[PDB]
């Protein structure tokens, strides 16, 4: 009659801190888990409730706990861009280079969602800017696929390989072309991106732009390829 764990989980999932503390006082398991192995700390991390995280951490919750797919609280906090929560977690034991079951690091997630400042912070505290799972998508790949311009500038300025390959031979210029990000394509061309690169199936960025219905981008790629009078 007393499944207190799922109640605590639901309170953490919905930001209701007072209920979480009441249940904790009554003696709810601070390390309770849902079906995918997610703990209240994981949820406090995604929702960005800092003080709740402090409380859980001091009351004994495990900071390097991994859910079923190998995600840590740091991963989730990084996904939602909560800077001070990231700082706190780092300052009390979390591994900055933690890896999930497919080789993805927190920096990857910060890059994917366009959190520029958090990326700067992670890089200054030792994150690997060219972290591929072994060979997989790089942070720059993630930034390029989702159109995050300033972040691309930052990563390139911190010497990310502008021509790195993922598992399918794709470059960042491929990703940007496939998603129809015009200003980003211009930026990558301006910084020396390889316009003739072919993926594992022989496709150029131009080919992908056509395949995905982005004909303005395709235009730009064609002028880029042919612009030399003599």
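Positions refer to the first chain, counted from 1.
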Comparing mean C-alpha B factor in the record for 9 to 17 and 205 to 213, the higher one is 9 to 17
Look over 150 to 158 and 126 to 134 in the entry and identify the one with the greater average Cα temperature factor.
126 to 134
Can you tell me which of 183, 178, 51, 190 has the highest Cα temperature factor in the record?
51
Residue with maximal Cα B-factor (values as given in the PDB entry) among 92, 75, 115, 141
92
Using the B-factors in the PDB entry, rank residue 107's C-alpha atom against the chain and give the third, lowest, middle or highest.
lowest
Residue 63 by Cα B-factor - lowest, middle or highest third of the modelled chain:
highest
Binned into thirds over the chain's modelled residues, the C-alpha B-factor of residue 198 lands in the middle
Here the Cα B-factor of residue 42, set against its chain, lands in the third termed middle
In terms of the chain's CA B-factor thirds, is residue 174 lowest, middle or highest?
lowest
